[PDB]
Amino acid sequence: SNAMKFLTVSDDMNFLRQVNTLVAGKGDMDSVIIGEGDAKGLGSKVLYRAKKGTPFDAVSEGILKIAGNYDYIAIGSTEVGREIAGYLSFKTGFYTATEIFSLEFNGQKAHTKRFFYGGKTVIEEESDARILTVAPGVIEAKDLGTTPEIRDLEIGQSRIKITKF
Amino acid sequence: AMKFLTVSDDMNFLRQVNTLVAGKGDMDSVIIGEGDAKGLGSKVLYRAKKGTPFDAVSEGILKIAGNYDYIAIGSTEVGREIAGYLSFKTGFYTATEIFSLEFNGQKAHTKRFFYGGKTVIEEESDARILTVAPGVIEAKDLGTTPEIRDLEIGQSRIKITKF
């Protein structure tokens with residue numbers, strides 16, 4: 001009720017675990033995984049699953065369908081995750097706090113930190129960011145000790161053209 | 001003609017971005033920090049002092065943004081943060097990490113690499129904000145040197161801590 005609702009997202013299961021660890025103490029969470037990974041100990045209430053190599057635009061349109069169910073969406077910063085963030089940012093109108101290693105709430109607002117220049121500098125924001133991307137390697141994953149109900153992400157249409165080499 | 005503003009915190013990267021953009025319309029540029037303007041090929045170069053916080057630069061750019069159809073930014077850490085700020089303030093879509101840019105009519109037709117080169121992603125979008133991937137464009141000298149002016153920067157809200 002008065003608790004915050006997160007949706008966490010990644011195209012990498014280990015990374016999904018790190019994002020869930022960051023968000024864990026902060027409110028209730030559901031998750032999206034693109035591709036493979038065993039859901040055990042993930043800690044989410046619900047895990048939405050997309051097929052491996054589902055084009056990132058079809059995934060983003062799927063997330064967008066459920067994104068109004070959440071206060072914040074936290075995405076692992078990978079190539080795909082960043083494309084998903086930019087897409088969601090645009091469609092929802094919410095600002096994105098990028099590459100964070102730290103997320104705290106004093107009251108209502110999200111206070112974040114990210115590194116700049118390889119770690120030489122720390123940038124803190126208190127912004128209205130509702131979309132967050134989480135840096136790789138910054139959170140050690142903890143087993144959260146429960147397993148989510150699994151469902152399929154209802155995937156959108158894809159307009160991108162994909163050429164492999 | 002279409003109007004472009006090109007942006008970077010690195011001058012060699014700004015030359016790359018200009019080289020991608022050059023044939024497509026008019027061009028002005030924003031550099032954050034140091035570098036020789038020679039051969040940059042924009043009409044005007046707005047300078048901000050090395051180390052100006054990215055939100056201050058972004059607010060400076062917002063002041064002049066309505067003068068442009070497109071803003072193309074070198075994808076560095078600062079360039080990406082700027083692109084995000086501008087996306088959020090303007091409401092425009094961003095096409096990211098591009099190596100190629102063409103127009104059908106007004107829609108941007110872009111290409112980008114995925115996985116350091118294994119895959120090319122080709123899109124048509126309404127993106128008015130673009131980031132260019134590092135090292136994919138061979139910077140050319142473009143034959144002219146812009147007049148120099150200072151970027152009127154805005155306020156900064158971010159807190160910066162050095163190690």
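Every heavy atom of this structure was used, including side-chain atoms; hydrogens, water molecules and symmetry mates were not. Residue numbering restarts at 1 for every chain, and letters A, B, ... go by the order of the sequence lines.
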Under the rule for ring-ring contact (aromatic ring centres under 6.0 Å, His included), what residues qualify as partners of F94(A), not counting sequence neighbours? none
Is there a donor in the side chain of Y48(A) and an acceptor in the side chain of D30(A), or the other way round, less than 3.5 Å apart? no
Atom of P134(B), atom of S75(B) and distance for their closest heavy-atom approach: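 Where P134(B) meets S75(B) most closely, the heavy atoms are CD-O, 4.0 Å.
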Is there a side-chain contact between [X] and [Y] (heavy atoms, below 4.5 Å)?
X	Y	value
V46(A)	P148(A)	no
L40(B)	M11(B)	yes
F114(B)	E97(B)	no
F165(A)	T119(B)	no
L132(A)	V23(A)	no
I121(B)	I162(A)	yes
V17(B)	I73(B)	no

Is the backbone N or O of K142(A) less than 3.5 Å from a side-chain atom of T21(A), with the two atoms forming a donor-acceptor pair by type?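 Pair found, side chain donor or acceptor close to backbone of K142(A).
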Report yes or no: does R47(B) contribute a side-chain atom to a donor-acceptor pair with the main-chain N or O of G33(B) at less than 3.5 Å?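 A pair under 3.5 Å: yes.
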Dump the intermediate steps for side-chain contact (heavy atoms from CB on, under 4.5 Å) on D28(A) and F6(A), then the final yes or no. CA-CA 6 Å; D28(A) 212 338; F6(A) 291 81; over 6 Å; no
When the ring planes of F88(B) and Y95(A) are compared, do they come out parallel, tilted or perpendicular, using 30° and 60° as the limits?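 Ring orientation of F88(B) relative to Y95(A): tilted.
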Please evaluate residues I84(A) and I34(A) with respect to the criterion side-chain contact (heavy atoms from CB on, under 4.5 Å), reporting the C-alpha separation (whole Å), side-chain torsions for both, the decisive distance (0.1 Å), and the verdict. CA-CA 11 Å; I84(A) 292 172; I34(A) 298 136; 3.7 Å; yes
When rounded to the nearest 0.5 angstrom, what is the spacing between OH in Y85(B) and CD in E81(B)? 11.5 Å
Taking atom CZ of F99(B) and atom CZ of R112(B), what is their separation to the nearest 0.5 Å? 10.5 Å
For the pair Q18(A) and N14(A), evaluate side-chain contact (heavy atoms from CB on, under 4.5 Å) and give the outcome as yes or no after the intermediate values. CA-CA 7 Å; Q18(A) 297 168 358; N14(A) 174 57; 3.3 Å; yes
Closer than 4.0 angstrom, basic N to acidic O: yes or no for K5(A) and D71(A)?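 Salt bridge flag = yes for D71(A) with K5(A).
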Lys/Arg-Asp/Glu bridge criterion (N-O < 4.0 Å) met for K52(A), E36(A):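 A salt bridge links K52(A) with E36(A).
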Working note: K24(B) + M2(B), criterion side-chain contact (heavy atoms from CB on, under 4.5 Å); need CA distance, chi angles, decisive distance, verdict. CA-CA 7 Å; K24(B) 312 284 191 308; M2(B) 306 176 272; 4.1 Å; yes
Pairs where residues 120-135 of chain B contributes a residue and the test side-chain hydrogen bond (donor to acceptor under 3.5 Å, both in side chains) is met, not counting sequence neighbours: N104(B)-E124(B), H109(B)-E122(B), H109(B)-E124(B)
Using the side-chain contact (heavy atoms from CB on, under 4.5 Å) criterion, which residues pair with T76(B)? Sequence neighbours excluded. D9(B), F13(B), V78(B)
When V134(A) is tested against each of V9(A), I139(A), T98(A) for side chain to side chain contact (heavy atoms under 4.5 Å, CB included), which residue passes?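 Single side chain to side chain contact (heavy atoms under 4.5 Å, CB included) partner of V134(A) among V9(A), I139(A), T98(A): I139(A).
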